[PDB]
Amino acid sequence: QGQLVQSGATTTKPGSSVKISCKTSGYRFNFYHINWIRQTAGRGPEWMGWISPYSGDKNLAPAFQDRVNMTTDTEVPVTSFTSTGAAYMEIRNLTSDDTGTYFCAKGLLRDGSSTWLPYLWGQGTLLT
Amino acid sequence: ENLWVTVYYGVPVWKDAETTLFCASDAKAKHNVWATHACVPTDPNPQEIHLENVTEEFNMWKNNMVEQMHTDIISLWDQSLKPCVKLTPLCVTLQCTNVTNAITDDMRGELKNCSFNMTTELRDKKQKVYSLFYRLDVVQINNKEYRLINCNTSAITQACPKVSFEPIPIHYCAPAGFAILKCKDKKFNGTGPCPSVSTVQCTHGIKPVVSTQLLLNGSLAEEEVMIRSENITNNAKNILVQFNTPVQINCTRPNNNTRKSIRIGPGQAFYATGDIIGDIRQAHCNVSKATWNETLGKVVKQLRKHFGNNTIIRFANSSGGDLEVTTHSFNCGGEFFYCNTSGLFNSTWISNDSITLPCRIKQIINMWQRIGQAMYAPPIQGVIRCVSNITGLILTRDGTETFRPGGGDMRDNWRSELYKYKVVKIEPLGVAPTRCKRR
Amino acid sequence: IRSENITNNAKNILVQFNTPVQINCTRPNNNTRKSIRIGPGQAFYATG
Amino acid sequence: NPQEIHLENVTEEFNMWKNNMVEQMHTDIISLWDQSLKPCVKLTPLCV
Amino acid sequence: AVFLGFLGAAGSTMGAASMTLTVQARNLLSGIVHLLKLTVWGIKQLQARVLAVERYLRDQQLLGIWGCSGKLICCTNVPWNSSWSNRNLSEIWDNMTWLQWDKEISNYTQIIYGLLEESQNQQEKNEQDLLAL
Amino acid sequence: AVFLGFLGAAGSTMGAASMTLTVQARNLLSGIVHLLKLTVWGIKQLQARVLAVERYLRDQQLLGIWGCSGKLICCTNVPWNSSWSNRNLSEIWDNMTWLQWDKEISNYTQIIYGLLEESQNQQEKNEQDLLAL
Amino acid sequence: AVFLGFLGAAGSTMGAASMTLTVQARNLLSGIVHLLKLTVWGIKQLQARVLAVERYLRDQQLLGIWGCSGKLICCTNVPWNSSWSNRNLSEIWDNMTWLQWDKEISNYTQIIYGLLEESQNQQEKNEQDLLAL
Ligand SMILES: *[C@@H]1O[C@H](CO)[C@@H](O[C@@H]2O[C@H](CO)[C@@H](O[C@@H]3O[C@H](CO[C@H]4O[C@H](CO[C@H]5O[C@H](CO)[C@@H](O)[C@H](O)[C@@H]5O[C@H]5O[C@H](CO)[C@@H](O)[C@H](O)[C@@H]5O)[C@@H](O)[C@H](O[C@H]5O[C@H](CO)[C@@H](O)[C@H](O)[C@@H]5O)[C@@H]4O)[C@@H](O)[C@H](O[C@H]4O[C@H](CO)[C@@H](O)[C@H](O)[C@@H]4O[C@H]4O[C@H](CO)[C@@H](O)[C@H](O)[C@@H]4O[C@H]4O[C@H](CO)[C@@H](O)[C@H](O)[C@@H]4O)[C@@H]3O)[C@H](O)[C@H]2NC(C)=O)[C@H](O)[C@H]1NC(C)=O
Ligand SMILES: *[C@@H]1O[C@H](CO)[C@@H](O[C@@H]2O[C@H](CO)[C@@H](O[C@@H]3O[C@H](CO[C@H]4O[C@H](CO)[C@@H](O)[C@H](O[C@H]5O[C@H](CO)[C@@H](O)[C@H](O)[C@@H]5O)[C@@H]4O)[C@@H](O)[C@H](O[C@H]4O[C@H](CO)[C@@H](O)[C@H](O)[C@@H]4O)[C@@H]3O)[C@H](O)[C@H]2NC(C)=O)[C@H](O)[C@H]1NC(C)=O
Ligand SMILES: *[C@@H]1O[C@H](CO)[C@@H](O[C@@H]2O[C@H](CO)[C@@H](O[C@@H]3O[C@H](CO[C@H]4O[C@H](CO)[C@@H](O)[C@H](O[C@H]5O[C@H](CO)[C@@H](O)[C@H](O)[C@@H]5O)[C@@H]4O)[C@@H](O)[C@H](O[C@H]4O[C@H](CO)[C@@H](O)[C@H](O)[C@@H]4O)[C@@H]3O)[C@H](O)[C@H]2NC(C)=O)[C@H](O)[C@H]1NC(C)=O
Ligand SMILES: *[C@@H]1O[C@H](CO)[C@@H](O[C@@H]2O[C@H](CO)[C@@H](O[C@@H]3O[C@H](CO[C@H]4O[C@H](CO)[C@@H](O)[C@H](O[C@H]5O[C@H](CO)[C@@H](O)[C@H](O)[C@@H]5O)[C@@H]4O)[C@@H](O)[C@H](O[C@H]4O[C@H](CO)[C@@H](O)[C@H](O)[C@@H]4O)[C@@H]3O)[C@H](O)[C@H]2NC(C)=O)[C@H](O)[C@H]1NC(C)=O
Ligand SMILES: *[C@@H]1O[C@H](CO)[C@@H](O[C@@H]2O[C@H](CO)[C@@H](O[C@@H]3O[C@H](CO)[C@@H](O)[C@H](O)[C@@H]3O)[C@H](O)[C@H]2NC(C)=O)[C@H](O)[C@H]1NC(C)=O
Ligand SMILES: *[C@@H]1O[C@H](CO)[C@@H](O[C@@H]2O[C@H](CO)[C@@H](O[C@@H]3O[C@H](CO)[C@@H](O)[C@H](O)[C@@H]3O)[C@H](O)[C@H]2NC(C)=O)[C@H](O)[C@H]1NC(C)=O
Ligand SMILES: O=C(C(=O)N1CCN(C(=O)c2ccccc2)CC1)c1c[nH]c2c(F)ccc(Br)c12
Ligand SMILES: *[C@@H]1O[C@H](CO)[C@@H](O[C@@H]2O[C@H](CO)[C@@H](O)[C@H](O)[C@H]2NC(C)=O)[C@H](O)[C@H]1NC(C)=O
Ligand SMILES: *[C@@H]1O[C@H](CO)[C@@H](O[C@@H]2O[C@H](CO)[C@@H](O)[C@H](O)[C@H]2NC(C)=O)[C@H](O)[C@H]1NC(C)=O
Ligand SMILES: *[C@@H]1O[C@H](CO)[C@@H](O[C@@H]2O[C@H](CO)[C@@H](O)[C@H](O)[C@H]2NC(C)=O)[C@H](O)[C@H]1NC(C)=O
Ligand SMILES: *[C@@H]1O[C@H](CO)[C@@H](O)[C@H](O)[C@H]1NC(C)=O
Ligand SMILES: *[C@@H]1O[C@H](CO)[C@@H](O)[C@H](O)[C@H]1NC(C)=O
Ligand SMILES: *[C@@H]1O[C@H](CO)[C@@H](O)[C@H](O)[C@H]1NC(C)=O
Ligand SMILES: *[C@@H]1O[C@H](CO)[C@@H](O)[C@H](O)[C@H]1NC(C)=O
Ligand SMILES: *[C@@H]1O[C@H](CO)[C@@H](O)[C@H](O)[C@H]1NC(C)=O
Ligand SMILES: *[C@@H]1O[C@H](CO)[C@@H](O)[C@H](O)[C@H]1NC(C)=O
Ligand SMILES: *[C@@H]1O[C@H](CO)[C@@H](O)[C@H](O)[C@H]1NC(C)=O
Ligand SMILES: *[C@@H]1O[C@H](CO)[C@@H](O)[C@H](O)[C@H]1NC(C)=O
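Protein chains in written order, with the authors' numbering: chain D, 1 to 52, 52A, 53 to 72, 72A to 72H, 73 to 82, 82A to 82C, 83 to 100, 100A to 100F, 101 to 110; chain G, 32 to 60, 65 to 141, 150 to 185, 188 to 309, 312 to 321, 321A, 322 to 398, 412 to 458, 465 to 504; chain G', 272 to 309, 312 to 321; chain G'', 80 to 127; chain B, 517 to 549, 564 to 663; chain B', 517 to 549, 564 to 663; chain B'', 517 to 549, 564 to 663. A prime marks a further copy of an entry chain.
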């Protein structure tokens, strides 16, 4: 299974800094990365970066190197294999050119060559 | 695509199960009633393996270890009482007076000077001997004639005085191919999925201390003060609170007693209470009024998390029952104290020196399970004074809240120590597909 | 009919039916059990 | 046929004063006497 | 290196745990479980001893009637019926743990144990028919 | 197919029974034989448990010192001395049952068990002398 | 021939004793050790029975996690670290006895038992990677 409910689709104006939430269920939140993907209207879809709900190790594209704060809090065990978690997304020197739909997607596998690959996506959120 | 069955021997998978758990103990050598000499020596390196990423389900209220310890302890007492002196000749008419009157009115009947006829080593010749008996061990006849408290219900045996009642740490261990799982969650409820998990060959040292209301010499929480019950919303399920700070309690029987051996037969010897050297004083326990008020407030704070930040909870004394359950009853230096506890649970709390406990002493204590068996604790010589920590409680709700103590079930004591453990069984066989084929 | 030496009269004969012949038994007296304390915890149950 | 195998060239250290067999026989014999006396007649009425 | 210990990779992937099988293999019979006194702790320990050797040989017996005597990883000729689990390899050996894998394969575990049993009775019958020349 | 059950082919020919060996192999240690109470039924069951594992390993030990560890049908290098039984193959494997066969071969069963024992001690000595290069 | 008996070559050279291993192999589980009465001799015998099967399987377990299941003489891939013993072959197998050899190699016996254990966990992982084609 797996679900990743995202935050609201509210809008602000340039210069600000917004927070996007992603709430997970039905899967062990710590066993897969959490990716942030952006589908702007005036650019091809961009991979922003992934983060580890277990190791805390984050990795973003150099286009977002010093402009994004990715944070996740610890999970809440529901069963032996089910937990609930959350992931957060931020932008610093923000303008109105960063407009589009934002998604959160968890990793594919736990090991191998396609560990972090965005496999399970959220419903997306509309921006400014 | 081309996938065949591939067999694996030694896969990290386990299932819950019940099994016989053997005991371990550290080297200390007389012999205690818990027979910890008959256990395997504990490793000086108690190996604890952390189970990364693992999350297990625990349920201390369906745990089988507590049901096995509650039966092992009882089997340890029956085994240790078997070869000792049967005291059936003591069930005879007693002529009793008060010992050394003129002190504090109705506290001179608290212990009696009793003389009686008794069998000797010769079956035809009797002896008139006298002994001291506590008031809680005798009843009247209706003149100054008394009898032992147990003679109409149970048979009596006196514990062999070479056996020590001092609890010794016991380690429970799972056999080869089984496992013990520890829940390293510092704020664990006792049930539910536990995130941090480790496996151990044996549990930690557990002293088999059987106390009432106040849990003594126990293990402490690391954060806050946890509260554990299966249905907290049910008032008939006992509340097992556990402190993180130990509130110290000092107890003493100040009377300097004398043990006088009496030959009730060939090789049979009854140990009577001779007389009292020095003052006839009152047995009692102290506990710092400061630490008790502080630690009693910590329980209130965590009790609010189940009844509301606005509600008011009150502490009241016991509401009746048998003597063992109405008082802080326990064992201290070989004598069985029964401490009135009203000075500890007489407090109401708003929405936002030391105290002393008068204890009486019993010698003829009855078994808590069946009826028809009771033990005579031989009188201890000298002055008794024991020092221990109160590390938990056993509370009761009534349905402004009110909480009172109690808990005559021995397994509630073992629950307070076996809550973080769980017995599983290893199943090292595992089959899974891969593109490997024999020949 | 089963015996080891049927021709020997000192070896019991164990016959076994194929039909069950029913037998009803009864002690019709309505008895009373009266407990008697013969010692500490010892109780003898007499016929009242 | 009490099989006895000779150990050629072998030389062992013995110590009958630390031997464990004597400590086990001394306890077995005592356990044999206690086991055999258990069901017999207690003579406490003779102490008269 | 790593050496997670006994059951250390219980939360790891099936492929990672499949490299530390000797860790759990050696701890199936030793532990700490010299006279046999029949006390409350003695009858206890005696049971803990006999139970361990019983469950150990039941596994080694099944390992024998499959041709896997003394193996940690043996391969068979019984092919994987997809109705057992249609999951792919890369989503099993780099994804699932042995605990949850046993949870979903538990139904067909008795079916698989029979297919391997006769495949070994027929393989040793073929090996005899081949060495008859 | 057939599946005569445990000991089902006890009256069948030796060749037919030689195809249902796993049936009797798996029923040598399981059965129905959790605390150890020392009652009249408890001491009874405890003996039934220890006896079963003893006789199981005695067979597996002999199967080991012959090089047949984990085999239902292993072949050896010990040739058949005709003084054991001069019967032909087609009058044994398509004729006799395993019960009557054990009745007539019972005399030389201790002789055969020695020939296989040293043939395995010499085969593993030859295998070491061959891998020494 | 010779047949020195059980432990007969205890004073012989290691190479000579290495030819009479079945003699000590068969006497590890039989001996003389039918109801289970709990008397002073009965509890005694019951312990002597369970202890024998325990120590037998502990050896066979180590023999298994080294790939030597059912072998009297198996060879490994763990090379001889000279710090264990710098003695030459001809001054060991034609000179020393197994008793004194165990006396001087006793220190490193736990080190060697680990090297063989992972060499078998890696050999069976390589055998699976080779039959994957
Ligand atoms: C758990 O909690 C429990 C509850 O808290 C706790 O129980 C406590 O137990 C202990 C021990 O078991 C108890 O301690 C005892 O205390 C007794 C009383 O001590 C107090 O009172 C005396 C006397 O007071 C009069 O005199 C003084 C001046 O001296 C005046 O100022 C007073 O106002 C008063 O005089 C007026 O009032 C009288 C009536 O009220 C009138 O009659 C009189 O005319 C006046 O109007 C004080 O002297 C004491 O001071 C001493 O203690 C203070 C701290 O309080 C210290 O600064 C200092 O050390 C002082 O010396 C105190 O205030 C004691 O009697 C008793 O000790 C004696 O008895 C025991 C056994 O009975 C003996 O073994 C011991 O040796 C003592 O004997 C001496 O004293 C007697 C009495 O005179 C002599 O007859 C005797 O010969 C001997 O004299 C020798 O020693 C003298 C000094 O010691 C010395 O002067 C002599 O020269 C000679 O050498 C004992 O200590 C305590 O009371 C319990 N608690 C309570 C609440 O009751 C328990 O421990 C806790 N822990 C557990 C269970 O583990
Ligand atoms: C418990 O459960 C968790 C979660 O499932 C497990 O954590 C996961 O482990 C797997 C296996 O190791 C991880 O997969 C690997 O991912 C790495 C990518 O990480 C690399 O990139 C980082 C950012 O670029 C880099 O900083 C890292 O470098 C160091 O820094 C971090 C800082 O925290 C440090 O912690 C690291 O250890 C590094 O030292 C890091 O290098 C990827 O490189 C791996 O691929 C290699 O390995 C595979 C085989 O394993 C091989 O096929 C490839 O070709 C390549 O050679 C591999 O994919 C995964 O990322 C972890 N996290 C998840 C899934 O969220 C944990 O292992 C479990 N523990 C137990 C005991 O069960
Ligand atoms: C108990 O003991 C009895 C007696 O020993 C066993 O019975 C014997 O079993 C063997 C093995 O199966 C039999 O040998 C076979 O004989 C057949 C010949 O029978 C065929 O011919 C009949 C008449 O022509 C025909 O009607 C049959 O067809 C069906 O009809 C009968 C009606 O009752 C039915 O019962 C049958 O089952 C048939 O369905 C029958 O086909 C012969 O064909 C066999 O040869 C084939 O198989 C061998 C290998 O087995 C192979 O080498 C050949 O090349 C060929 O392929 C085979 O010789 C024997 O006839 C039986 N009777 C005896 C000996 O009196 C019984 O099996 C034992 N049971 C157990 C559980 O131990
Ligand atoms: C206990 O411990 C002792 C002492 O260590 C062991 O005795 C030694 O045994 C070894 C192995 O057998 C001996 O090595 C052999 O030596 C012979 C040389 O002896 C020959 O020469 C004699 C004089 O020339 C000759 O008389 C002998 O012939 C017979 O006469 C004697 C009379 O007593 C009789 O006892 C003999 O048995 C003979 O029947 C004798 O032939 C040598 O020939 C051997 O070499 C052959 O074998 C080796 C392999 O073993 C092979 O590699 C060679 O190529 C060649 O084929 C072999 O070297 C040693 O001499 C003995 N004495 C010592 C060391 O002092 C005894 O065996 C131990 N017993 C147990 C049970 O452990
Ligand atoms: C409990 O009651 C018994 C009564 O049966 C008390 O025993 C008796 O105590 C008196 C007084 O101590 C003894 O008398 C004394 O005898 C000595 C010896 O000659 C004499 O020197 C004294 O002056 C005094 O008269 C008496 O012997 C004794 N009887 C027996 C049978 O021992 C006992 O003291 C009481 N115990 C307590 C703790 O109250
Ligand atoms: C809680 O644990 C403490 C510590 O383990 C217990 O204190 C111990 O109490 C016993 C008897 O009460 C003491 O033994 C006594 O020692 C004195 C001094 O040698 C001796 O005179 C007595 O005859 C007896 O042997 C023991 O020393 C003491 N240990 C410590 C460290 O203080 C306490 O009793 C326990 N409480 C409960 C309720 O179990
Ligand atoms: O195991 C027990 C048992 O009943 N108990 C409860 C009492 N106990 C205490 O420490 C205690 C705690 C508070 C007040 C008084 C005593 C030890 C264990 C017995 C098993 N056979 C027994 C017997 F044949 C006679 C008497 C007893 Br008492 C037992
Ligand atoms: C309790 O009473 C006993 C005597 O009934 C006391 O024992 C005496 O102790 C002193 C120590 O100074 C010895 O010199 C005596 O020989 C002892 N007498 C006997 C009869 O043994 C004991 O000291 C008393 N205990 C207390 C705490 O007062
Ligand atoms: C209980 O008694 C113990 C000792 O009998 C007390 O602990 C002592 O406290 C004093 C403080 O003045 C220290 O100087 C001592 O070193 C302590 N003794 C030991 C052995 O640690 C304790 O305070 C008493 N508690 C109560 C509640 O009465
Ligand atoms: C045997 O006698 C007892 C009394 O000794 C009878 O018990 C009574 O049964 C009736 C049932 O109608 C009750 O109402 C009474 O209360 C019982 N009396 C007592 C003292 O228990 C019993 O019925 C008699 N049995 C027969 C078969 O007559
Ligand atoms: C003991 O003393 C109390 C109070 O003085 C009194 O009521 C009681 O009757 C006395 N008992 C005896 C046996 O003297
Ligand atoms: C002992 O028995 C006698 C009867 O001879 C009786 O007079 C006396 O009161 C009895 N003693 C006690 C203490 O009961
Ligand atoms: C105990 O805590 C767990 C934590 O998840 C909770 O689910 C459960 O309801 C709690 N039970 C009680 C009786 O407090
Ligand atoms: C307990 O103590 C209080 C006051 O100290 C007293 O009122 C109450 O009666 C006592 N209870 C018992 C059972 O002695
Ligand atoms: C029992 O029946 C068998 C049937 O063959 C017969 O041989 C035997 O003699 C009989 N014995 C008796 C005692 O009837
Ligand atoms: C899978 O198993 C089912 C029965 O469980 C069987 O009917 C089917 O033919 C099998 N298919 C394959 C491909 O093995
Ligand atoms: C058969 O065995 C006998 C002894 O039982 C032996 O003398 C004979 O040489 C052997 N013959 C063959 C051909 O093995
Ligand atoms: C021998 O073992 C030691 C440690 O015991 C190790 O440091 C050394 O490298 C080893 N040498 C060889 C040749 O194996």
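Beta carbons are placed, not taken as given, at the ideal position from N, Cα and C, and that holds for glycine.
- Rounded to the nearest whole angstrom, the C-alpha separation of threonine 536 (chain B) and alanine 541 (chain B') is 30 Å.
- By the Cβ test, the stretch 240–248 of chain G is in contact with the stretch 82–95 of chain G, since at least three Cβ pairs between them sit closer than 8 Å.
- Within the DSSP bridge table, the entry for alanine 200 (chain G) names G:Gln432 as partners.
- Taking a Cβ-Cβ threshold of 7 Å, the residues of chain B'' close to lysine 502 (chain G) are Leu661, in chain order.
- Here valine 68 (chain G) has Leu111, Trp112, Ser115, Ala204, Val208, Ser209, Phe210 as same chain residues with Cβ atoms under 8 Å from its own Cβ, once five neighbours each way along the sequence are excluded.
- Listed in chain order, the positions of the stretch 415–433 of chain G with a beta carbon within less than 8 Å of a beta carbon of chain G' are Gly431, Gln432.
- Legend: CB atoms of the stretch 646–660 of chain B'' lying less than 7 Å from CB atoms of chain G belong to residues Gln658.
- For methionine 69 (chain D), the closest alpha carbon among the candidates D:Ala78, D:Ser74, D:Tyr53, D:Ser72G is that of D:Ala78.
- Straight through space, the alpha carbons of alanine 48 (chain G) and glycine 572 (chain B'') are spaced by roughly 31 Å.
- Proximity of chain G to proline 124 (chain G'') at the Cβ level (cut-off 8 Å) is accounted for by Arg166, in chain order.
- With a cutoff of 8 Å on beta-carbon distance, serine 393 (chain G) and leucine 342 (chain G) are scored as near each other.
- In the structure shown, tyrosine 638 (chain B) adopts coil according to DSSP, grouped into three states.
- Approximately 6 Å separates the beta-carbon atoms of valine 346 (chain G) and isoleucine 359 (chain G); this is inside 8 Å, confirming the contact.
- Here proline 220 (chain G) is near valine 549 (chain B), since their CB atoms are less than 8 Å apart.
- The contact set of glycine 100 (chain D) on chain B, defined by CB atoms closer than 8 Å, consists of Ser620, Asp624 in chain order.
- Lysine 574 (chain B'') has its alpha-carbon roughly 34 Å from the corresponding atom of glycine 597 (chain B').
- What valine 570 (chain B'') touches in chain G'', judged by beta-carbon distance under 9 Å, is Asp107, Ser110, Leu111, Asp113, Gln114, going in chain order.
- Among the residues facing chain B, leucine 602 (chain B') is included, as its CB has a counterpart in that chain under 8 Å away.
- For the 8 Å CB-CB criterion, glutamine 1 (chain D) and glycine 42 (chain D) do not form a contact.
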